[PDB]
Amino acid sequence: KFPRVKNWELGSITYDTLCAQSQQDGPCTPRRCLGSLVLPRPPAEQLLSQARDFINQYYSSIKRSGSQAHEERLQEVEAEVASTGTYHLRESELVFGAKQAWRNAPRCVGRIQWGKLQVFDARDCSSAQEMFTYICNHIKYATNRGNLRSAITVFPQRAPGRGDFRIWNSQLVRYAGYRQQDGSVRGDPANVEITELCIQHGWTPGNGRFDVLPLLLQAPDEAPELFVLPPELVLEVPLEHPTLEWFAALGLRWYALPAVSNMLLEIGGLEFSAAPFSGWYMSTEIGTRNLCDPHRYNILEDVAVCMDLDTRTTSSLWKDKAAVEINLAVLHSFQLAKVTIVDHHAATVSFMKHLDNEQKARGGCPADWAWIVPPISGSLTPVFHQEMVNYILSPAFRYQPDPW
Amino acid sequence: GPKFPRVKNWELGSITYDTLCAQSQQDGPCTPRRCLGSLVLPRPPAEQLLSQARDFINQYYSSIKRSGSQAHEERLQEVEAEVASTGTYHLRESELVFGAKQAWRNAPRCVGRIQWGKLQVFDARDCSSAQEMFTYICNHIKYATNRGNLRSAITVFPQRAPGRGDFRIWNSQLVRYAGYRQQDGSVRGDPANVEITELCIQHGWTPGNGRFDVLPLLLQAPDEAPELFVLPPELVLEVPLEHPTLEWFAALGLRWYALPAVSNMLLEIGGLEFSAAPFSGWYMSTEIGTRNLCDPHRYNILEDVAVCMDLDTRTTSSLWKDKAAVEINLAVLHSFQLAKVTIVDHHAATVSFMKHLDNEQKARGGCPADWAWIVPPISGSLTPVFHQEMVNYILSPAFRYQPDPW
Ligand code: HEM
Ligand code: HEM
Ligand SMILES: N=C(NCCC[C@@H](NC(=O)[C@H](N)CCCCN)C(N)=O)NN(O)O
Ligand SMILES: N=C(NCCC[C@@H](NC(=O)[C@H](N)CCCCN)C(N)=O)NN(O)O
Ligand SMILES: C[C@H](O)[C@H](O)[C@H]1CNc2nc(N)[nH]c(=O)c2N1
Ligand SMILES: C[C@H](O)[C@H](O)[C@H]1CNc2nc(N)[nH]c(=O)c2N1
Ligand SMILES: [Zn+2]
């Protein structure tokens with residue numbers, strides 16, 4: 001029942017016992033494994049049970065399980081759900097749950113920081129305009145002049161028979177994707193749909209490759225509202241290469257703050273449909289995926305032709321050589337600009353530590369191998385040689401339907 | 001919509017549904033509770049063998065388009081008779097050829113399956129001694145190597161018999177470099193082969209002291225201790241490694257063999273188990289340049305090469321491991337090309353595996369694949385497989401790891 005988890009670079013071995021705590025099901029069955037798939041294909045009792053577990057998790061955290069404070073807080077929850085069908089979290093319990101959801105994110109390689117998370121309580125939000133203020137503050141705090149600080153702002157929980165508070169953008173800061181005449185796309189191809197919704201909603205579009213998009217914020221059962229972000233609020237890094245003087249002339253650049261905003265935060269059965277978070281970028285996200293995915297800026301061939309590689313045959317490894325300089329350009333530029341960034345070697349080594357801290361702490365750590373291993377130089381990182389067990393622990397961050 | 005796993009490619013946005021998984025009859029290591037997809041090692045009564053056999057025979061007649069015919073019903077009759085009075089049974093020539101190819105085709109961890117139909121099957125179920133085994137292997141190596149223009153092949157030795165001992169090739173590959181345990185604790189040669197090297201010596205092998213000494217073979221006929229056989233040097237083709245523009249790389253003295261001949265996997269067909277059945281095709285560029293040469297627990301030449309390239313190896317952020325690994329891989333590719341030895345880089349290899357997925361989609365409605373093994377150890381998202389969701393499941397015939405004989 002309990003999985004033997006071996007590391008093939010050091011021969012070490014551990015046994016994940018934490019997985020027993022998983023209450024929800026994944027996509028795999030003995031018949032077949034769907035671990036590489038990206039996406040997955042309330043009764044007072046159901047909710048009440050999730051709540052109980054959460055509160056028990058909280059009091060155990062403050063090392064006061066079974067105490068008076070515990071017993072009474074459990075009754076409050078019972079009382080509220082029994083009469084209203086739902087309940088609410090106390091700011092401290094929320095702070096704990098947020099850190100925990102991050103702690104349980106199988107796809108996050110930066111979890112060595114899970115304990116250092118600034119939680120903003122925005123549950124007293126009744127309008128989109130109010131959401132925008134909270135967001136504008138999350139950004140100022142989070143960015144901190146280039147010295148990034150992990151943070152999350154939490155908006156009103158979902159409610160039976162009432163629309164969701166949502167941030168239509170998958171990230172607080174993103175570059176527009178402008179479909180053009182010849183099926184072409186100027187900018188970030190992954191953001192075409194949202195850039196179009198922004199237009200149909202009255203935004204006056206630009207024509208740059210890196211035009212920061214406006215936010216479509218939506219308060220319950222109301223049409224989304226467009227809000228433009230103060231340019232000086234959006235810290236960005238121009239990319240230049242340490243030795244290739246011609247790199248800078250490509251005009252490439254990327255924003256400093258990675259703030260996911262399309263995910264749902266679930267804590268004790270309660271669902272928070274709008275709870276943007278942000279820590280800091282790992283260089284490959286920008287250097288490998290964002291700039292080199294064939295369905296993103298797809299700049300691989302350009303940079304290679306620049307370097308003067310033989311982009312005529314796969315055997316010259318021009319793709320591999322270009323990819324590395326671009327990642328080097330990112331790491332160099334963020335350091336030059338004094339903005340928090342972490343390379344993939346540094347990051348994965350730290351994640352290796354996290355795995356160890358968690359083994360002693362909880363008896364395991366849920367991890368999605370395909371996501372933890374970097375998009376380049378996989379086996380050159382420790383995590384590649386590390387076996388992992390993936391499963392669902394709550395508090396958790398889940399994906400949710402786009403509100404349109 | 002469709003009631004089977006929905007499979008998506010996130011680069012092109014295309015979708016398919018895997019219906020082939022429905023044919024699997026062996027449970028994997030995952031459960032709805034947790035995914036053990038990243039684990040390397042996932043932890044007969046006539047009745048069981050009979051049905052396994054029936055399934056295989058059906059698969060074969062199915063492949064030739066005579067499913068349900070008289071010849072089909074007779075063969076099934078035959079296998080049942082034989083199993084009825086002997087406990088086991090034998091495969092016909094063409095049945096073994098079919099099964100060996102399906103086993104390769106069904107292998108979830110092989111990125112080179114586009115070549116599955118083009119495998120030369122050498123039948124050796126008549127082999128009776130360890131010496132004959134050596135001869136069989138020498139022919140395989142000779143034909144398979146074909147002077148640098150490699151040809152996929154597999155030599156199948158006698159299936160396991162009830163009670164009777166197994167035929168086994170102790171070495172994990174027909175060609176492997178010795179791993180010498182040092183005084184200072186380090187290992188000279190390939191760290192991976194430390195034990196088989198220690199076993200070769202315990203059996204009378206006179207060791208060398210280099211980093212690229214070819215191990216001798218420890219072959220084992222039923223119920224006998226393994227005999228030691230040394231491969232004649234002329235039969236083992238090697239490629240001295242050199243970089244195309246870094247002139248000093250050639251001075252590093254790195255080299256690798258051309259024939260990747262896995263030799264300790266069990267080939268299971270219709271319930272029958274072939275404990276010895278060496279197969280070989282050709283290397284994928286990154287197998288040597290990234291894993292064998294740069295793994296921390298293998299040759300680990302990463303720092304050396306970086307120092308030669310004068311890279312700042314004091315900080316992770318200089319991407320010195322990344323720059324070096326690229327060059328080492330390019331050297332592997334450059335040296336095999338120059339020496340006219342067959343090899344395929346991670347890019348072409350993965351483009352061809354995409355084409356294979358497409359072929360298999362149309363042919364069987366699915367292709368079992370191990371994402372972690374399909375996606376290369378370097379430049380993952382630069383290859384198309386990375387963006388391809390894959391379903392993993394066990395189909396038979398198939399290759400399986402098996403316990404080391406000793
Ligand atoms: C402080 C530095 C942090 C680093 C270096 C880091 C890095 C990463 C990386 C590499 C990924 C995968 C990104 C991708 O491929 O799209 C990831 C995923 C994730 N991270 Fe972290 N993380 C950090 C902070 C955070 C914070 C503060 C939270 C939450 C409070 C968080 C929640 C998650 C979640 C939920 C995922 C999955 C995203 C998805 O499915 O699209 N991370 N992280
Ligand atoms: C035509 C050239 C071929 C190429 C380029 C190819 C490539 C590969 C690669 C890259 C791997 C993973 C290596 C590793 O990570 O250790 C692999 C694994 C495998 N291949 Fe292929 N292959 C080829 C031919 C063959 C042949 C002829 C067979 C068998 C009849 C085959 C059966 C397998 C099996 C069973 C595995 C998994 C082995 C294991 O679990 O260690 N391959 N192949
Ligand atoms: N440094 C990070 N990185 C996490 C980045 C997550 C990224 N996900 C993606 O781009 C997914 N492919 C979107 C999948 C949504 C489909 N439901 C996104 N939403 O921008 N985090 N910090 O907080 O620091
Ligand atoms: N190009 C290839 N490559 C196949 C390489 C497979 C490799 N596996 C390994 O080294 C596993 N880690 C060993 C698993 C043992 C588990 N007991 C091995 N045995 O040498 N094939 N052909 O071209 O045929
Ligand atoms: C299909 C495959 O699961 C998909 O491309 C995954 C692979 N690994 C990943 N790893 C990270 N960090 N981020 C991703 O988006 C992905 N995408
Ligand atoms: C722990 C993890 O499963 C292990 O390092 C796997 C990852 N992917 C691999 N992929 C291939 N082709 N070969 C390997 O040996 C591995 N090792
Ligand atoms: Zn799985």
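All chains are named by letter (A, B, ...) in the order of the sequence lines, taking the proteins before the strands, and each is independently numbered beginning at 1. Hydrogens, waters and symmetry mates are skipped; everything else that's a heavy atom, side chains included, is used.
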**OP:** Return the set of residues passing side chain to side chain donor-acceptor pair (under 3.5 Å) with A:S126 (not counting sequence neighbours), or none when no residue passes.
**Re:** A:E130

Original post:
Would a 4.5 Å heavy-atom cut-off, applied to side chains only, mark A:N104 and A:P395 as touching?
Top reply: yes

Subject >> Whether A:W254 and A:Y175 hold their rings parallel, tilted or perpendicular, with breakpoints at 30° and 60° >> reply: perpendicular

Original post:
Of all heavy-atom pairs between A:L47 and A:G268, which one has the smallest distance, and what is that distance?
Top reply: CD1-O, 3.8 Å

Subject >> Under the salt bridge (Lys or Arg N to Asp or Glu O under 4.0 Å) test, residues paired with A:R362 that sit two or more places apart >> reply: A:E358

**OP:** Sequence neighbours left out, what passes side chain to side chain contact (heavy atoms under 4.5 Å, CB included) with A:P214? Give chain and number order.
**Re:** A:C198, A:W203, A:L226, A:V228

Original post:
With sequence neighbours left out, what residues match A:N7 under side chain to side chain donor-acceptor pair (under 3.5 Å)?
Top reply: A:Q386

**OP:** Run the salt-bridge test on A:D121 and A:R123 with the 4.0 Å N-O cut-off and return the result as yes or no.
**Re:** yes

Original post:
Atom CZ of A:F132 and atom CG of A:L217: how far apart are they, to the nearest 0.5 Å?
Top reply: 8.0 Å

Subject >> Sequence-distant partners of A:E76, salt bridge (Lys or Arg N to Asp or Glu O under 4.0 Å), two or more places apart >> reply: A:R73, A:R90

Subject >> For A:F277, ring-ring contact (aromatic ring centres under 6.0 Å, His included) partners two or more places apart >> reply: A:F397

Original post:
Pairs in or reaching into residues 370-390 of chain B: which pass salt bridge (charged side-chain N to carboxylate O under 4.0 Å, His left out), with residues at least two apart or in two chains?
Top reply: B:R109-B:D370

Subject >> Partner set under salt bridge (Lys or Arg N to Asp or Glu O under 4.0 Å) for B:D27, not counting sequence neighbours >> reply: none

Subject >> Results of ring-ring contact (aromatic ring centres under 6.0 Å, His included) for A:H332 - residues two or more places apart only >> reply: none

Original post:
Which word best sums up how the rings of A:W404 and A:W168 line up, parallel for under 30°, tilted for 30 to 60°, or perpendicular for over 60°?
Top reply: tilted

Subject >> Listed partners of A:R289 passing salt bridge (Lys or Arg N to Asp or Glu O under 4.0 Å), at least two apart >> reply: A:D293

Subject >> Flag, side chain of A:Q157 to backbone of A:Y87, donor-acceptor distance under 3.5 Å >> reply: yes

Original post:
Residues two or more places apart in sequence or in another chain: which of them pass ring-ring contact (aromatic ring centres under 6.0 Å, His included) with B:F386?
Top reply: B:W371

Subject >> Euclidean distance, B:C35 SG relative to A:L37 CG, rounded to 0.5 Å >> reply: 10.5 Å

Using atom types as modelled, flag every donor-acceptor pair under 3.5 Å from a side chain in residues 147-154 of chain A to any protein atom, sequence neighbours excluded.
from, atom 1, to, atom 2, distance (Å)
A:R149, NE, A:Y141, O, 3.1
A:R149, NE, A:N144, OD1, 3.3
A:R149, NH2, A:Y141, O, 2.9
A:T153, OG1, A:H138, ND1, 2.7

**OP:** Report yes or no: do B:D322 and A:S377 form a side-chain donor-acceptor pair below 3.5 Å?
**Re:** yes

**OP:** Evaluate the ring planes of B:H387 and A:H295, with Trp represented by its six-membered ring, and classify them as parallel (under 30°), tilted (30 to 60°) or perpendicular (over 60°).
**Re:** perpendicular

